[PDB]
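In what follows, a structure is listed as structure tokens, so that the remarks can point back to it.
Numbers restart at 1 for each chain; the letters A, B, ... are given by sequence-line order, proteins then strands. Atoms within a ligand are numbered from 1 in the order they appear, just like the ligands themselves.
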Number of protein chains: 2
Amino acid sequence: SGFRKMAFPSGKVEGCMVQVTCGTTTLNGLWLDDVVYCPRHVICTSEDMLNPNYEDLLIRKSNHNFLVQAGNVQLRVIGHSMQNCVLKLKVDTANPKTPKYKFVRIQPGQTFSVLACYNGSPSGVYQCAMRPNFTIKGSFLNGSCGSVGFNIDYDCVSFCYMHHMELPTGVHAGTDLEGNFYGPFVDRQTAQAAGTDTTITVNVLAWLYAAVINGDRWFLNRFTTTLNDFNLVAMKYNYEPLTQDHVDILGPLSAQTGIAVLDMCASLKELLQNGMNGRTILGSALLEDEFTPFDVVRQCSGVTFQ
Amino acid sequence: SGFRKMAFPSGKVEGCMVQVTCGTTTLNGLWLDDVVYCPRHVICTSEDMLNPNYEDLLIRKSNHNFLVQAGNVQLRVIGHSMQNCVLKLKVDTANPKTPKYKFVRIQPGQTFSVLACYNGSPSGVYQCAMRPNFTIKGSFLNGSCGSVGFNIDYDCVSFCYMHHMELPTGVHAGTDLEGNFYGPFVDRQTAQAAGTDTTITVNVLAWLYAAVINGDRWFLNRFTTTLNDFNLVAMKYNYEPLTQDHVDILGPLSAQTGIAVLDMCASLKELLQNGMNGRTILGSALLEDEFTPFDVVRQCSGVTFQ
Ligand SMILES: *C(=N)[C@H](C[C@@H]1CCNC1=O)NC(=O)[C@@H]1[C@@H]2[C@H](CN1C(=O)[C@@H](NC(=O)C(F)(F)F)C(C)(C)C)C2(C)C
Ligand SMILES: *C(=N)[C@H](C[C@@H]1CCNC1=O)NC(=O)[C@@H]1[C@@H]2[C@H](CN1C(=O)[C@@H](NC(=O)C(F)(F)F)C(C)(C)C)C2(C)C
């Protein structure tokens, strides 16, 4: 038992991380087969990053302007192209460590692991959710751009996120691996702001199920509620609506615990209207919304990856 | 910016994990050079694990009783021996993926990453602290024994923990890699219990420094306190004493923020006596004690590993 913010093992991704230097900008790239993916603002400099014209900037570049370091071995760039907000650097060597992979775009509410990297060297790994406002609450410093987020499904790495920038509230924005931003953000230094967030209701419920599975039952009650009556309360506390599909997805957790989904909603309702009164759930004094129903089943049942 | 429970990249450890089967027990082993390390209760069965005599049990075993699977490749055991609570399985192949490593025993208060494994296959990675009572609040299911905890220091993996068991309160106990338990626990199914814990005061302070670095300042104040007056309050709230050495270790964080350590103690004092009054710190409604001063500097400055 126990419940932790758990990331996927990062080794398959670690073997893909390289260092990309162009001019005075160094960031991280993702090396799969004979292509290195990186944020296109690597072609920019300090005065470039105000309002840039990336197509203009890229035609002025040469293959030899891009220094790619795979550890202590330099990769010769033999081609380059822009795909939306990412650069594709064609290099003369296929990465022998290329895992089976996909490029998948995730939904707000879904989670993924981030391998934070500096100078092409992995620094740490942690779990993140895509917020309803298409930001992520990450941990990123200068030089972390190009770090990727990912999920693992048996042996296949589903890359979902590449890091590009930090917003003024300290949250982070980036693209999928095809270079399309999550949310209404651009890779320019303008006055962009996250925009209002909501709590991911289905995830809170999944985490309450994790708590019951782990022996925290104090918030359970005999009351119930209709889906519509619950959603009236969700709206008032800035929770997003619960759909019948969410109820269906919570079915296995409901069935393992014997607590009907709508009964657990009634519990969440009481937790929202009364707080927690000095108690904790799974070591938290807040309602946690960054575990999906998938995350809970995986951890409270023990799926591995090979 | 941002602050997350961050684990070390797990790839160097992933390449060491194997599956050890003996009789009807399967668990994880750690393969370094030509030795596989695993918990010695793998030689036990259901009626063996009540009150066993492991030396008696081991003389009755043969090399061929131990089936070691490194992925889809079986390792021939050519020798075996017991070192305290771990088995050392000598195999005929040195692990070509052996990183530079050490076996180090950590102190209560120190943190480490855990690579949770089932059937020799890594499942997830997360960060843990050694509690003052020598337990750890992990996430472990059946078959997770032999999963290791570790730190990384540039290129060298310092293995500090091997998982052995879960205690009735849902917390976990294990050994260092020389087979010596952390705390007063034995690898038998008796009525062992964790024993009372305390909050790791120096870590709470480090995390308050992380918060200031990240822009949470509401808990700061003009008051100060002597070390002795603070320790009178720590004792009352079950915090463990702060030493001058802790104050020295917090020096760099004090110097980066401009907040004297004893001023931050005065802040902690007020947080202990008044609670947080509906506010949060680094997204937490509790005082967090599983980040060391090292962890905070690493994350709020960006050290990598290669
Ligand atoms: C890539 N290495 C960095 C990572 C940033 C730096 C600190 N934390 C991070 O996640 N990315 C950038 O420096 C991008 C890059 C220029 C500016 N930038 C920012 O993240 C900036 N933010 C914005 O411009 C804003 F608010 F609009 F998002 C900064 C103010 C420096 C934090 C470009 C091309 C967006
Ligand atoms: C190794 N794969 C397991 C991991 C356990 C199982 C559930 N969560 C875990 O971390 N280790 C064990 O099964 C050890 C092993 C026999 C019993 N055991 C326990 O963890 C048991 N606990 C205790 O006996 C106690 F409380 F004393 F620690 C159990 C009740 C099954 C949780 C031996 C040799 C200790």
Side-chain angles (χ1 to χ4, degrees), chain A residues 1-2 20 25-28 38-46 48-52 54 57 85 114 116-119 135-136 138-147 162-175 181 183-194 214 302, chain B residues 1-2 20 25-28 38-46 48-52 54 57 85 114 116-119 135-136 138-147 162-175 181 183-194 214 302:
Chain A
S1 75
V20 180
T25 305
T26 289
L27 41 66
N28 301 283
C38 75
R40 74 180 174 171
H41 72 250
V42 74
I43 69 199
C44 296
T45 48
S46 293
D48 279 344
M49 304 189 198
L50 292 171
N51 204 345
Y54 286 101
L57 293 195
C85 293
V114 169
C117 293
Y118 300 89
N119 307 296
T135 64
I136 74 163
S139 167
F140 288 124
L141 305 162
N142 277 313
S144 59
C145 289
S147 308
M162 179 169 286
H163 185 51
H164 287 246
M165 44 191 259
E166 177 170 315
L167 293 168
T169 52
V171 301
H172 301 104
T175 68
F181 261 96
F185 311 112
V186 292
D187 52 351
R188 310 134 43 186
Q189 179 147 2
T190 90
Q192 334 180 52
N214 275 272
Chain B
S1 75
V20 180
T25 305
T26 289
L27 41 66
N28 301 283
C38 75
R40 74 180 174 171
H41 72 250
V42 74
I43 69 199
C44 296
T45 48
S46 293
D48 279 344
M49 304 189 198
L50 292 171
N51 204 345
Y54 286 101
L57 293 195
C85 293
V114 169
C117 293
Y118 300 89
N119 307 296
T135 64
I136 74 163
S139 167
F140 288 124
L141 305 162
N142 277 313
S144 59
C145 289
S147 308
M162 179 169 286
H163 185 51
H164 287 246
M165 44 191 259
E166 177 170 315
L167 293 168
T169 52
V171 301
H172 301 104
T175 68
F181 261 96
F185 311 112
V186 292
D187 52 351
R188 310 134 43 186
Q189 179 147 2
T190 90
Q192 334 180 52
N214 275 272

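- Considering backbone and side-chain N/O atoms, A:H163 comes within less than 3.5 Å of an N/O atom of ligand 1.
- Atom numbering of ligand 2 starts at 1 in the shown order; those under 4.0 Å from a heavy atom of B:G143 are 2 (N).
- Looking from atom 27 (F) of ligand 1 to the surrounding protein, the closest heavy atom is A:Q192 NE2, 3.1 Å.
- Per-residue contacts place B:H172 under 4.0 angstrom from the following atoms of ligand 2 (heavy atoms of the residue considered): 10 (O).
- Here the closest non-hydrogen pair linking B:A173 and B:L167 is CB-CD1, 4.2 Å.
- If you number the atoms of ligand 1 from 1 as listed, the ones under 4.0 Å from a heavy atom of A:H164 come out as 3 (C), 11 (N), 12 (C), 14 (C).
- Ligand 2 is never approached by B:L27 to a heavy-atom distance shorter than 4.0 Å.
- Looking at B:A194, B:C145, B:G174, it is B:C145 that brings a heavy atom closest to atom 1 (C) of ligand 2.
- Aromatic ring centres of B:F181 and B:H164 lie closer together than 6.0 Å.
- A:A194 and A:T169 get closest at one heavy-atom pair: CB-OG1, 4.3 Å.
- Residue, atom and distance of the protein heavy atom nearest to atom 6 (C) of ligand 1 are A:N142 OD1, 3.6 Å.
- Heavy-atom proximity to B:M49, at under 4.0 Å, picks out these atoms of ligand 2: 16 (C).
- Judged by distance alone, the side chain of A:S144 and the main-chain N or O of A:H163 form no donor-acceptor pair under 3.5 Å.
- In terms of protein heavy atoms, atom 18 (N) of ligand 1 is closest to A:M165 CB, 4.1 Å.
- The shortest N or O to N or O distance between A:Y54 and ligand 1 is not under 3.5 Å.
- Within a 4.0 Å radius of atom 13 (O) of ligand 1, the protein has no heavy atom.
- The closest donor-acceptor contact from the side chain of B:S147 to the backbone of B:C117 lies under 3.5 Å.
- Across every non-hydrogen atom of A:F140 and A:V114, the tightest pair is CZ-CG1, 3.5 Å.
- A:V42 approaches A:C38 most closely through the heavy-atom pair CG1-SG, 3.8 Å.
- Within a 4.0 Å radius of atom 31 (C) of ligand 1, the protein contributes no heavy atom.
- The ligand atoms of ligand 2 that sit less than 4.0 angstrom from a heavy atom of B:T190 are 27 (F).
- For atom 24 (O) of ligand 1, the nearest protein heavy atom (residue, atom name, distance) is A:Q189 CA, 3.4 Å.
- When every heavy atom of A:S1 is checked against every heavy atom of B:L141, the shortest pair comes out as N-CD2, 4.2 Å.
- Nearest protein heavy-atom contact of atom 28 (F) of ligand 1 is A:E166 O, 2.9 Å.
- By the 4.5 Å heavy-atom criterion applied to side chains, B:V171 and B:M165 are not counted as neighbours.
- With contacts defined as side-chain heavy-atom distances shorter than 4.5 Å, the pair B:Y118/B:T26 does not qualify.
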